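Peer 1: Have a look at the structure that comes next, please.
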Amino acid sequence: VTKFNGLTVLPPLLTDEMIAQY
Amino acid sequence: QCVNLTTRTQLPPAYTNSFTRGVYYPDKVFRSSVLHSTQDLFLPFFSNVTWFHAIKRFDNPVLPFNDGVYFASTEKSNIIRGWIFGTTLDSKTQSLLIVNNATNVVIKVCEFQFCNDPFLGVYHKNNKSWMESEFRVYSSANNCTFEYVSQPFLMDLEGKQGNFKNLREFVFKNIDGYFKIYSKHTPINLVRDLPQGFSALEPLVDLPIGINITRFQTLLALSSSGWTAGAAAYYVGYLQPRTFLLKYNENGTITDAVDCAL
Amino acid sequence: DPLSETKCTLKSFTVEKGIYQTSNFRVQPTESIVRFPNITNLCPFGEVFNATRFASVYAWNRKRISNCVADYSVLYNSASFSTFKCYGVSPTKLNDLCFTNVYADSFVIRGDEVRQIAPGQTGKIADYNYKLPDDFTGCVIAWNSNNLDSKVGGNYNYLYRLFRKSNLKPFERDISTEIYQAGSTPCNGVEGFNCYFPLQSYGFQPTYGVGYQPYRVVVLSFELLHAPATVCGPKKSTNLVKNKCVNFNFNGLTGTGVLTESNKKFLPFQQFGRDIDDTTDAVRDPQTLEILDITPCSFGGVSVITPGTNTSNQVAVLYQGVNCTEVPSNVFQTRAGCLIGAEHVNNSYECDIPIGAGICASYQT
Amino acid sequence: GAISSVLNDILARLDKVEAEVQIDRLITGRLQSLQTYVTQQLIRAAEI
Ligand SMILES: *[C@@H]1O[C@H](CO)[C@@H](O[C@@H]2O[C@H](CO)[C@@H](O)[C@H](O)[C@H]2NC(C)=O)[C@H](O)[C@H]1NC(C)=O
Ligand SMILES: *[C@@H]1O[C@H](CO)[C@@H](O[C@@H]2O[C@H](CO)[C@@H](O)[C@H](O)[C@H]2NC(C)=O)[C@H](O)[C@H]1NC(C)=O
Ligand SMILES: *[C@@H]1O[C@H](CO)[C@@H](O[C@@H]2O[C@H](CO)[C@@H](O)[C@H](O)[C@H]2NC(C)=O)[C@H](O)[C@H]1NC(C)=O
Ligand SMILES: *[C@@H]1O[C@H](CO)[C@@H](O)[C@H](O)[C@H]1NC(C)=O
Ligand SMILES: *[C@@H]1O[C@H](CO)[C@@H](O)[C@H](O)[C@H]1NC(C)=O
Ligand SMILES: *[C@@H]1O[C@H](CO)[C@@H](O)[C@H](O)[C@H]1NC(C)=O
Ligand SMILES: *[C@@H]1O[C@H](CO)[C@@H](O)[C@H](O)[C@H]1NC(C)=O
């Protein structure tokens, strides 16, 4: 799997290290 | 001086197919790592372009300019000299002249009375030397309206070999009173026809003209008949209003394109 | 305080435990920049508007204005101009703008027709001798010229068109005067039955009242901000500050951002660079020909972490997606943004109030 | 249907009482462009 407009991307609460840990 | 150089073998108009050429930068805007889509006057891809070739032969007929023109020449020794543009070409009306003379590029916009079969003539003597004889292009320029001339250069008028090594490409458009020129020069190795590959024309100069152009013709290098033509060829295509998709690479140079109506 | 900014957002005097979005922050510009090309020389507006003799309207002249400074205030304020009507800029703004070119057009018409000059008009001036494009961007400037032009026997040297095979297109120019064949028969030579000369000459004698009197018209037409400006309004360029948030103005391309050295190899013909977004992301400075990246000024959400007002008034503030250097003792950088007013601890706990990127906040001793 | 999509191009060119009419076009279309996005994203979020 692969700016002036006021758009932003928020991070997930669970990072990929913690999904891998679960 | 106006002279009817009548000695030319008579033949039908030739044709060649322009697969992926005549693309140019549509705006003075930089773009990179992106695909952009535009609609303007472009040469349609795989379009049959008219073909002319000097040899015995010296084909300089007068051609329509409707919606703008793509012009190219696979040449040697700089036998192409420039272009004539207008609608009547007979001093009743305004017109445009471009010439690469023996010292600089010059541009002139006048009520010209052109020579009916116009050219620039050069002494061809067995002295391995060449210099201008004949500005056989107009009798008069009753009122002049615009002129420009470049800082000077010694052009080279000597060199002979078995195949074409220079390809020149140009686009001419009138809209909004401006005569846009786009240009390119490329190294080639071809004997008789236009090469296949891709490169966009950078805008060279824009001229503040304001006139009607509906027709045009070209000026080539060489007593009133019987003389030696250069070996050279030129191609003419007409632009059309067509949507194009363009690729701009990491450098921001136009690197590929698609004609959406092909 | 950030707690009252939550109370205001929730419209409650009491706040439940959680993280609340509140009015999002934007780094304010530190100063302003202007950069126009360093041309010194005023434009030939005297030679347009004080000219010894205008054209007839069918013979309408076009003059180029290019490579100069244009003080349109001097036009707008001059009491002499009787109409000054604008169709894509307001005249008080003209001095702030930069223009690619101006086509200054000049001619004379009868004073009653000064209403026919506007884009989309109808009537013989608009239809038969001089048409503006419907998106004309420019200003039509007109005044009565009786006091210089008019003669007791009439200056019939000034002309307008009565006949045409079709209404002309925007900015068509017609120098031809050959016979209009209004009769069904065509007709060669100088005259015939329903055959006409296409022109009529104004009887400009001062015994005619206003309306019938001559009215000099200048039309300035221009296109804006999208290409190398040749002519601009009289404003002083400032120093080019870099790496700081700023209100920039390049050639009337006004905006706000941080200006950075650009690695974009623009060719000599380019002046604006544009992102995938169809927005300007780089510009060539017009006084030194170097490229500058226009990066946006930093901004983001402001969330307040409230442990609940039944528990405490103390709060921590998350500046979402920004560094710890942009917000100006208990400052913690997180992937979620810069967190202010909470202490980082190595002791993991259960999640309580979520922040993002594995971080969570809680109220403890 | 404003004279430009660039918001500062409108505000540089036109004085306040005229610019209000152009800016209102951009506000109206932009706001509809967000309501279209948020509706599409809510419907998508229900599928996820
Ligand atoms: C070159 O030849 C053409 C004809 O091929 C000549 O054209 C004539 O020009 C005169 C005016 O100069 C006209 O009266 C004739 O009606 C034209 N004939 C045609 C068929 O168009 C041209 O004049 C010649 N050039 C010179 C220098 O004599
Ligand atoms: C450019 O010039 C051409 C010809 O000089 C003009 O086309 C002529 O237009 C008239 C009026 O409709 C017609 O009677 C002629 O038959 C046309 N001639 C040709 C060869 O088509 C054209 O209108 C001019 N362009 C402009 C913008 O004025
Ligand atoms: C951007 O354009 C430049 C040419 O102006 C390209 O630079 C050349 O790249 C090759 C391969 O790395 C080098 O061998 C040359 O020495 C480079 N020339 C110069 C003048 O630096 C460059 O490759 C282009 N960028 C990309 C990503 O294609
Ligand atoms: C080139 O165009 C001519 C008409 O001008 C046409 O007859 C000819 O068939 C075209 N060439 C090809 C390869 O079809
Ligand atoms: C701006 O002024 C300086 C000093 O005269 C000069 O070096 C520079 O070339 C000027 N810019 C332009 C666009 O000519
Ligand atoms: C908090 O709420 C509880 C009831 O849920 C109450 O017993 C307690 O006194 C409250 N304390 C404060 C400071 O509001
Ligand atoms: C957390 O652990 C690091 C070592 O990995 C240490 O440098 C840091 O001071 C510790 N912080 C606290 C609050 O104990």
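Residues are named by chain letter and number: chains run A, B, ... in the order of the structure tokens, numbers start at 1 in each chain, and ligands are numbered from 1 in the order shown.
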At a cut-off of 6 Å, using only C-alpha atoms, what residues contact region 4-18 of chain A? Leave out same-chain residues fewer than 6 positions from it and give the result as a PyMOL selection string.

Peer 2: chain C and resi 356-358

Peer 1: Give me a file of those residues, with N, CA, C and O atoms, as a compact mmCIF listing (two decimals), in the first residue's frame.

Peer 2:
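File written: selection-v4.txt
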# COMPACT_ATOMS: atom_id res chain seq x y z
N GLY C 356 -2.93 11.74 20.29
CA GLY C 356 -2.56 11.25 18.96
C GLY C 356 -1.14 10.69 18.95
O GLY C 356 -0.35 10.99 19.84
N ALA C 357 -0.81 9.87 17.96
CA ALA C 357 0.53 9.30 17.78
C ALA C 357 1.09 8.59 19.02
O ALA C 357 2.27 8.67 19.34
N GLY C 358 0.21 7.89 19.75
CA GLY C 358 0.51 7.14 20.96
C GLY C 358 0.53 7.93 22.25
O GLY C 358 0.52 7.33 23.32

Peer 1: Pick out the residues sitting within 9 Å of residue 221 (chain C), and hand them over as a list in words; count only C-alpha atoms, and ignore anything fewer than 5 positions along from it in its own chain.

Peer 2: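 Selected residues are residues 101, 102, 103, 104, 105, 136, 137, 138, 139 and 140 of chain C.
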
Peer 1: Identify, counting only C-alpha atoms and all ligand atoms, the protein, DNA and RNA residues located within 10 Å of ligand 1, and give them as an mmCIF file with N, CA and C atoms, in the first residue's frame.

Peer 2:
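Contents of part_17.cif, as written:
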data_model
loop_
_atom_site.group_PDB
_atom_site.id
_atom_site.type_symbol
_atom_site.label_atom_id
_atom_site.label_comp_id
_atom_site.auth_asym_id
_atom_site.auth_seq_id
_atom_site.Cartn_x
_atom_site.Cartn_y
_atom_site.Cartn_z
ATOM 1 N N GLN B 1 14.863 45.736 -55.864
ATOM 2 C CA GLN B 1 14.845 45.134 -57.217
ATOM 3 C C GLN B 1 13.952 43.892 -57.255
ATOM 4 N N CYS B 2 12.884 43.880 -58.087
ATOM 5 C CA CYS B 2 11.887 42.747 -58.213
ATOM 6 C C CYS B 2 12.091 41.874 -59.480
ATOM 7 N N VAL B 3 12.378 40.560 -59.300
ATOM 8 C CA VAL B 3 12.862 39.663 -60.366
ATOM 9 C C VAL B 3 12.106 38.329 -60.365
ATOM 10 N N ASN B 4 11.563 37.914 -61.512
ATOM 11 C CA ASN B 4 10.763 36.688 -61.630
ATOM 12 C C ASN B 4 11.640 35.463 -61.932
ATOM 13 N N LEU B 5 12.280 34.920 -60.897
ATOM 14 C CA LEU B 5 13.115 33.718 -60.968
ATOM 15 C C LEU B 5 12.264 32.482 -61.320
ATOM 16 N N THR B 6 12.098 32.241 -62.620
ATOM 17 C CA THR B 6 11.080 31.336 -63.185
ATOM 18 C C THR B 6 11.569 29.886 -63.346
ATOM 19 N N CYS B 115 8.666 41.685 -53.315
ATOM 20 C CA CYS B 115 9.029 41.131 -54.616
ATOM 21 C C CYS B 115 8.020 39.993 -54.801
ATOM 22 N N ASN B 116 7.573 39.750 -56.026
ATOM 23 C CA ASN B 116 6.494 38.765 -56.214
ATOM 24 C C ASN B 116 6.943 37.316 -55.944
ATOM 25 N N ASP B 117 8.178 36.979 -56.305
ATOM 26 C CA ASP B 117 8.843 35.735 -55.917
ATOM 27 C C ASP B 117 10.121 36.109 -55.134
ATOM 28 N N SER B 139 10.429 46.124 -52.936
ATOM 29 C CA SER B 139 10.673 47.353 -53.702
ATOM 30 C C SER B 139 10.632 48.600 -52.815
#

Peer 1: CA of residue 15 (chain C) and CA of residue 328 (chain C) are how many Å apart?

Peer 2: 26.9 Å

Peer 1: Using atom 4 (C, counted along the ligand's line) of ligand 3 and CA of residue 245 (chain B) as the two end points, give the distance in Å to one decimal.

Peer 2: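 Pair atom 4 (C, counted along the ligand's line) of ligand 3 / CA of residue 245 (chain B) returns 23.5 Å.
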
Peer 1: Using only C-alpha atoms and all ligand atoms, find each protein or nucleic acid residue lying at most 12 Å from ligand 5; present the set as number ranges by chain.

Peer 2: C: 35-40, 67, 228-230, 236-239, 284-290

Peer 1: Go ahead and save the residues from that selection, with N, CA, C and O atoms, as a JSON list (two decimals), in the first residue's frame.

Peer 2:
[["chain", "number", "residue", "atom", "x", "y", "z"],
["C", 35, "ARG", "N", 7.68, 44.40, -3.99],
["C", 35, "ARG", "CA", 8.70, 44.26, -5.03],
["C", 35, "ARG", "C", 8.05, 44.46, -6.39],
["C", 35, "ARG", "O", 7.39, 43.56, -6.91],
["C", 36, "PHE", "N", 8.22, 45.64, -6.97],
["C", 36, "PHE", "CA", 7.92, 45.95, -8.37],
["C", 36, "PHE", "C", 9.24, 46.16, -9.12],
["C", 36, "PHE", "O", 10.24, 46.49, -8.48],
["C", 37, "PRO", "N", 9.30, 46.00, -10.45],
["C", 37, "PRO", "CA", 10.50, 46.30, -11.22],
["C", 37, "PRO", "C", 10.94, 47.75, -11.03],
["C", 37, "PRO", "O", 10.10, 48.66, -10.99],
["C", 38, "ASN", "N", 12.25, 48.01, -10.95],
["C", 38, "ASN", "CA", 12.81, 49.35, -10.71],
["C", 38, "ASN", "C", 12.89, 50.23, -11.97],
["C", 38, "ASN", "O", 13.93, 50.78, -12.33],
["C", 39, "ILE", "N", 11.75, 50.38, -12.63],
["C", 39, "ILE", "CA", 11.52, 51.40, -13.66],
["C", 39, "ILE", "C", 11.32, 52.76, -12.99],
["C", 39, "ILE", "O", 10.67, 52.88, -11.96],
["C", 40, "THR", "N", 11.89, 53.81, -13.58],
["C", 40, "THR", "CA", 11.89, 55.19, -13.03],
["C", 40, "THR", "C", 10.95, 56.15, -13.76],
["C", 40, "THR", "O", 10.60, 57.21, -13.24],
["C", 67, "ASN", "N", 6.73, 49.34, -20.50],
["C", 67, "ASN", "CA", 8.03, 49.67, -19.93],
["C", 67, "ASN", "C", 8.10, 51.08, -19.29],
["C", 67, "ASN", "O", 8.90, 51.93, -19.69],
["C", 228, "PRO", "N", 4.60, 38.59, -17.09],
["C", 228, "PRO", "CA", 5.54, 39.68, -16.82],
["C", 228, "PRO", "C", 4.94, 41.06, -17.05],
["C", 228, "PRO", "O", 4.60, 41.46, -18.17],
["C", 229, "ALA", "N", 4.79, 41.80, -15.96],
["C", 229, "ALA", "CA", 4.29, 43.15, -15.94],
["C", 229, "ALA", "C", 5.27, 44.09, -16.64],
["C", 229, "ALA", "O", 6.45, 44.14, -16.28],
["C", 230, "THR", "N", 4.80, 44.83, -17.64],
["C", 230, "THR", "CA", 5.61, 45.88, -18.28],
["C", 230, "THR", "C", 5.37, 47.26, -17.68],
["C", 230, "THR", "O", 6.24, 48.12, -17.79],
["C", 236, "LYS", "N", 6.87, 52.43, -4.10],
["C", 236, "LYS", "CA", 8.27, 52.14, -3.78],
["C", 236, "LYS", "C", 8.43, 50.69, -3.36],
["C", 236, "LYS", "O", 7.77, 50.23, -2.43],
["C", 237, "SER", "N", 9.34, 49.97, -4.02],
["C", 237, "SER", "CA", 9.75, 48.64, -3.59],
["C", 237, "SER", "C", 10.52, 48.71, -2.27],
["C", 237, "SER", "O", 11.23, 49.67, -2.00],
["C", 238, "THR", "N", 10.38, 47.68, -1.45],
["C", 238, "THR", "CA", 11.05, 47.51, -0.16],
["C", 238, "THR", "C", 12.17, 46.49, -0.25],
["C", 238, "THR", "O", 12.28, 45.75, -1.23],
["C", 239, "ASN", "N", 12.99, 46.38, 0.79],
["C", 239, "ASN", "CA", 13.91, 45.26, 0.90],
["C", 239, "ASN", "C", 13.17, 43.91, 0.92],
["C", 239, "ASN", "O", 12.08, 43.78, 1.48],
["C", 284, "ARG", "N", 9.79, 34.68, -9.17],
["C", 284, "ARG", "CA", 11.00, 35.44, -9.48],
["C", 284, "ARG", "C", 10.86, 36.86, -8.95],
["C", 284, "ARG", "O", 9.93, 37.57, -9.33],
["C", 285, "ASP", "N", 11.79, 37.31, -8.13],
["C", 285, "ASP", "CA", 11.81, 38.71, -7.72],
["C", 285, "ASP", "C", 12.04, 39.64, -8.94],
["C", 285, "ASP", "O", 12.90, 39.36, -9.77],
["C", 286, "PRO", "N", 11.29, 40.73, -9.08],
["C", 286, "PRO", "CA", 11.38, 41.61, -10.25],
["C", 286, "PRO", "C", 12.54, 42.61, -10.22],
["C", 286, "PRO", "O", 12.73, 43.33, -11.21],
["C", 287, "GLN", "N", 13.33, 42.71, -9.14],
["C", 287, "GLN", "CA", 14.47, 43.62, -9.07],
["C", 287, "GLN", "C", 15.81, 42.88, -9.08],
["C", 287, "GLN", "O", 16.78, 43.41, -9.63],
["C", 288, "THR", "N", 15.88, 41.66, -8.55],
["C", 288, "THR", "CA", 16.99, 40.71, -8.76],
["C", 288, "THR", "C", 16.43, 39.36, -9.19],
["C", 288, "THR", "O", 15.59, 38.79, -8.51],
["C", 289, "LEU", "N", 16.88, 38.83, -10.32],
["C", 289, "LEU", "CA", 16.23, 37.70, -10.99],
["C", 289, "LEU", "C", 16.63, 36.35, -10.38],
["C", 289, "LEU", "O", 17.28, 35.51, -11.00],
["C", 290, "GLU", "N", 16.21, 36.16, -9.14],
["C", 290, "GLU", "CA", 16.34, 34.94, -8.35],
["C", 290, "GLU", "C", 14.96, 34.42, -7.95],
["C", 290, "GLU", "O", 14.01, 35.19, -7.78]]

Peer 1: Can you pull out the residues contacting residue 162 (chain B)? Cut-off 10 Å, using only C-alpha atoms, and skip same-chain residues under 4 positions away; I want them as number ranges by chain.

Peer 2: B: 189-191

Peer 1: Which chains and residue numbers are within 12 Å of ligand 7, counting only C-alpha atoms and all ligand atoms, if I want them as a short mmCIF file (atom, residue, chain, number, x, y, z; two decimals) with C-alpha atoms, in the first residue's frame?

Peer 2:
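File selection.cif, as written:
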data_model
loop_
_atom_site.label_atom_id
_atom_site.label_comp_id
_atom_site.auth_asym_id
_atom_site.auth_seq_id
_atom_site.Cartn_x
_atom_site.Cartn_y
_atom_site.Cartn_z
CA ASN C 330 6.73 22.45 30.21
CA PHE C 332 6.65 18.74 24.81
CA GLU C 343 4.77 17.26 31.69
CA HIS C 344 6.24 14.32 29.76
CA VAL C 345 6.56 11.21 32.02
CA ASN C 346 8.28 7.86 31.28
CA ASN C 347 5.61 5.94 33.26
CA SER C 348 3.04 4.55 30.81
#

Peer 1: I'd like to know which residues of region 248-318 of chain C are strand (DSSP E) (by DSSP, run on the backbone); could you write them as number ranges by chain?

Peer 2: C: 248-250, 253-261, 272-274, 280-284, 291-295, 299-306, 316-318

Peer 1: With C-alpha atoms retained, export the selected residues as an mmCIF file, in the first residue's frame.

Peer 2:
data_model
loop_
_atom_site.group_PDB
_atom_site.id
_atom_site.type_symbol
_atom_site.label_atom_id
_atom_site.label_comp_id
_atom_site.auth_asym_id
_atom_site.auth_seq_id
_atom_site.Cartn_x
_atom_site.Cartn_y
_atom_site.Cartn_z
ATOM 1 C CA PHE C 248 4.461 39.960 0.204
ATOM 2 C CA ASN C 249 3.382 41.927 -2.880
ATOM 3 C CA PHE C 250 5.173 40.977 -6.117
ATOM 4 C CA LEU C 253 0.395 39.320 -6.557
ATOM 5 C CA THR C 254 -0.414 39.974 -2.897
ATOM 6 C CA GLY C 255 -0.132 37.118 -0.365
ATOM 7 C CA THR C 256 1.275 35.929 2.990
ATOM 8 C CA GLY C 257 3.988 33.283 3.583
ATOM 9 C CA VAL C 258 7.660 32.504 4.300
ATOM 10 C CA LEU C 259 10.038 33.239 1.404
ATOM 11 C CA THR C 260 12.900 30.731 0.931
ATOM 12 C CA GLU C 261 15.777 30.286 -1.570
ATOM 13 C CA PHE C 272 5.596 32.595 -11.400
ATOM 14 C CA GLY C 273 5.936 28.943 -10.364
ATOM 15 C CA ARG C 274 2.784 26.978 -9.513
ATOM 16 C CA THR C 280 1.634 30.059 -6.728
ATOM 17 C CA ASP C 281 4.457 28.175 -4.922
ATOM 18 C CA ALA C 282 7.439 30.163 -6.269
ATOM 19 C CA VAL C 283 8.139 33.635 -7.721
ATOM 20 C CA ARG C 284 11.001 35.441 -9.482
ATOM 21 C CA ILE C 291 13.559 32.440 -7.531
ATOM 22 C CA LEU C 292 11.879 32.319 -4.088
ATOM 23 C CA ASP C 293 9.651 29.482 -2.776
ATOM 24 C CA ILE C 294 6.393 30.772 -1.214
ATOM 25 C CA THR C 295 5.843 28.279 1.639
ATOM 26 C CA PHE C 299 -0.986 27.208 11.233
ATOM 27 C CA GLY C 300 -3.062 24.507 12.906
ATOM 28 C CA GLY C 301 -5.831 23.461 15.280
ATOM 29 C CA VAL C 302 -5.683 24.523 18.928
ATOM 30 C CA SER C 303 -7.099 21.855 21.210
ATOM 31 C CA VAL C 304 -7.368 22.372 24.972
ATOM 32 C CA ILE C 305 -6.951 19.312 27.220
ATOM 33 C CA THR C 306 -9.310 19.878 30.164
ATOM 34 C CA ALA C 316 -2.747 21.915 28.526
ATOM 35 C CA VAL C 317 -2.879 23.254 24.925
ATOM 36 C CA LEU C 318 -2.070 21.260 21.783
#

Peer 1: Just want the residues within 8 Å of ligand 4, written as a list in words, counting only C-alpha atoms and all ligand atoms.

Peer 2: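 Selection of residues at most 8 Å from ligand 4: residues 15, 16, 17, 48, 49 and 50 of chain B.
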
Peer 1: Could you please take those selected residues and save N, CA, C and O atoms as a PDB file, in the first residue's frame?

Peer 2:
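Wrote it out as again-v7.pdb, contents follow:
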ATOM      1  N   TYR B  15       3.769  15.408 -48.991  1.00  0.00           N
ATOM      2  CA  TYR B  15       3.205  15.227 -47.651  1.00  0.00           C
ATOM      3  C   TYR B  15       4.077  14.342 -46.759  1.00  0.00           C
ATOM      4  O   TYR B  15       4.702  13.395 -47.236  1.00  0.00           O
ATOM      5  N   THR B  16       4.066  14.602 -45.451  1.00  0.00           N
ATOM      6  CA  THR B  16       4.676  13.737 -44.431  1.00  0.00           C
ATOM      7  C   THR B  16       3.865  13.813 -43.144  1.00  0.00           C
ATOM      8  O   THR B  16       3.154  14.787 -42.903  1.00  0.00           O
ATOM      9  N   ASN B  17       3.922  12.786 -42.306  1.00  0.00           N
ATOM     10  CA  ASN B  17       3.051  12.673 -41.139  1.00  0.00           C
ATOM     11  C   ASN B  17       3.821  13.049 -39.868  1.00  0.00           C
ATOM     12  O   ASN B  17       4.855  12.466 -39.545  1.00  0.00           O
ATOM     13  N   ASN B  48      -1.208  15.052 -40.937  1.00  0.00           N
ATOM     14  CA  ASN B  48      -0.504  15.179 -42.208  1.00  0.00           C
ATOM     15  C   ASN B  48      -0.047  16.610 -42.472  1.00  0.00           C
ATOM     16  O   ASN B  48      -0.865  17.499 -42.706  1.00  0.00           O
ATOM     17  N   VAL B  49       1.264  16.822 -42.433  1.00  0.00           N
ATOM     18  CA  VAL B  49       1.834  18.144 -42.668  1.00  0.00           C
ATOM     19  C   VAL B  49       2.340  18.280 -44.099  1.00  0.00           C
ATOM     20  O   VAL B  49       2.825  17.315 -44.691  1.00  0.00           O
ATOM     21  N   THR B  50       2.225  19.483 -44.651  1.00  0.00           N
ATOM     22  CA  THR B  50       2.671  19.748 -46.021  1.00  0.00           C
ATOM     23  C   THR B  50       4.191  19.818 -46.065  1.00  0.00           C
ATOM     24  O   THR B  50       4.820  20.383 -45.170  1.00  0.00           O
TER      25      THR B  50
END

Peer 1: What does the list of residues within 10 Å of ligand 6 look like if you count only C-alpha atoms and all ligand atoms, written as a list in words?

Peer 2: residues 14, 308, 309, 310, 311 and 312 of chain C

Peer 1: Dump the neighbourhood of ligand 2 as number ranges by chain: all residues within 9 Å, distances computed on only C-alpha atoms and all ligand atoms.

Peer 2: B: 86-88, 93, 211-215; C: 165-166, 169, 171-174
